[PDB]
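Starting off, we have a lone chain in the form deposited in one PDB entry, written out as structure tokens.
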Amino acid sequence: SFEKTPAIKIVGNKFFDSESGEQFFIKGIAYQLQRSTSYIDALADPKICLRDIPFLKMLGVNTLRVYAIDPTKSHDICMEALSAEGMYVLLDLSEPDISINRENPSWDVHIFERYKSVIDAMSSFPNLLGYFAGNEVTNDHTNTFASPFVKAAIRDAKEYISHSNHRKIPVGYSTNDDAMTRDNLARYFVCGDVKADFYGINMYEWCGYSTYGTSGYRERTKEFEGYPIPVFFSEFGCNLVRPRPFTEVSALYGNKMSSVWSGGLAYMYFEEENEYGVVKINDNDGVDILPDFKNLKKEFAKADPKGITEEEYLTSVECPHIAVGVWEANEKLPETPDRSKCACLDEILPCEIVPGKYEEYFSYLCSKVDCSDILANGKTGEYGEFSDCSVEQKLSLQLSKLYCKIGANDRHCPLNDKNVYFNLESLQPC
């Protein structure tokens, strides 16, 4: 049974419970373990999730943000246990080792396959609230050209979900709070022909015993009035002053903010020595409640957002202009990564490379052949024909071009490295 968690849907700039029609406000907490797979999936481990859910119930949350799941594992036990306490999940599609790289952005078959795997693993659950297609990818004025890759990812995740048999779980974005870029980012993700379904801000402006006016919350709220998609704090909980009073929660669910924002999620459940936890897991794997816990609990308990209903509510935007060093996200987006096309390279290329060396060998190979066909430029909106293939496929293409330009036809690939091999399938006459 998922009785206690009806699916949430979006109408205009609000979330609604699909059965009752009541507006849905997120009262959440970030729930993610990390090592000190590379990531840890607490929702794949019943002994972990079933330990913590009673503590999450005490806090009074209705939503978790989860940053990374292992899509090869079952999540039925934990998702049903969450559902039984009225709890929903916001889930990032990426993981630290398979994310859009803000320093060298790409939207390719490897990242898209990750996104699809997560979608296929998690979309059966009615309490899956939504997916994030990225988290703080662009984070300042030096990497705004990453954002077209994120928008392509939003488009392609939505299309994959649309073409699947799954419920149409919304796909949004989570952004940081950099003064120079925030307004342009907010506009960019709702501009043109591809839009985020919702928009989370990682919002740390309220520290200690601040106020609506002095924190910045009043000006954030004014700039987001009339924003066309649901907006919430995908993270909050500045820890400058401890124990965190979480008095921002009273402002967030109050009358000035509840008509604009769809709530938010505290960062975070586990204490992991960034001093952001509300509990701490001891050496015996037991839960020790920290002094922040009771303040978050008290504030969420008091919070009573006056929303609207779906029926009464029911009665393109220009992309920011390009300016060098300020905003360099082209409106033109990279193409949908094509697994078949890129898989053809594995079949037909004479010289292949199995997955420091990428830098050296792209630099070597791209001095000898023209690598434009694998370059992707989010500033200029120029995306090479094979720029959507995996890093190894791209490198293999360039190696093979060099092999064909030499024209020896002797099965000797022109790069001495153990990962290089002649592909015998290339001989069988994409």
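Heads up: residue numbers just count along the shown sequence, starting at 1. Under this definition, the rigid core comprises the largest set of C-alpha atoms superposing within 1.5 Å between the forms.
J.: Is residue 36 missing in a third or more of the other PDB entries that were compared?
T.: Yes; at least one third of the other entries leave residue 36 out.
J.: Is there a break between residue 429 and residue 430, and how many deposited residues does it span: none, 1 to 3, 4 to 9, or 10 or more?
T.: 4 to 9 residues lack coordinates between residue 429 and residue 430.
J.: Unmodelled deposited residues between residue 36 and residue 37: none, 1 to 3, 4 to 9, or 10 or more?
T.: Count of unmodelled residues in between: 10 or more.
J.: Can you let me know which of the two, 204-212 or 304-312, has the higher average C-alpha B-factor in the entry?
T.: For C-alpha atoms only, the mean B-factor is higher in 304-312.
J.: Would 371-379 or 358-366 have the larger average of its C-alpha temperature factors, as given in the entry?
T.: Here the higher of the two C-alpha B-factor means belongs to 358-366.
J.: Hey, out of 170, 96, 325, 286, whose CA B-factor is highest in the deposited coordinates?
T.: The C-alpha B-factor peaks, among 170, 96, 325, 286, at 286.
J.: From 124, 221, 142, 135, can you pick the one with the highest C-alpha B factor in the entry?
T.: Among 124, 221, 142, 135, the highest C-alpha B-factor in the entry belongs to 221.
J.: Going by the entry, which third of its chain does the Cα temperature factor of residue 117 land in?
T.: Its C-alpha B-factor belongs to the lowest third of this chain's values.
J.: So where's residue 165 on the chain's Cα temperature factor ranking, which third?
T.: As the PDB entry reports it, the C-alpha B-factor of residue 165 lands in the middle third of its chain.
J.: Consider only the C-alpha atoms of the modelled residues in this chain, order them by B-factor as the entry records it, and name the third containing residue 65: lowest, middle or highest.
T.: For residue 65, the deposited C-alpha B-factor lands in the lowest third.
J.: Among all modelled residues of this chain, ranked by Cα B factor, put residue 259 in the bottom, middle or top third, i.e. lowest, middle or highest.
T.: Highest third of the chain for residue 259's C-alpha B-factor.
J.: Looking at the entry's B-factor column for C-alpha atoms only, identify whether residue 248 ranks in the lowest, middle or highest third of its chain.
T.: Middle third of the chain for residue 248's C-alpha B-factor.
Keep in mind the form deposited in another entry is missing from the figure; the text below concerns it.
J.: Indicate whether residue 12 shows a C-alpha shift of 2 Å or more between the shown form and the other one, with the rigid core used for the fit.
T.: No: residue 12 shifts by under 2 Å between the shown form and the other one.
J.: Just checking, between the shown form and the other one and with the core aligned, does residue 417 shift 2 Å or more at the CA?
T.: Comparing forms between the shown form and the other one, the residue 417 CA shifts at least 2 Å.
J.: Superposing on the rigid core, is the CA of residue 403 displaced by 2 Å or more between the shown form and the other one?
T.: Yes, residue 403 moves 2 Å or more.
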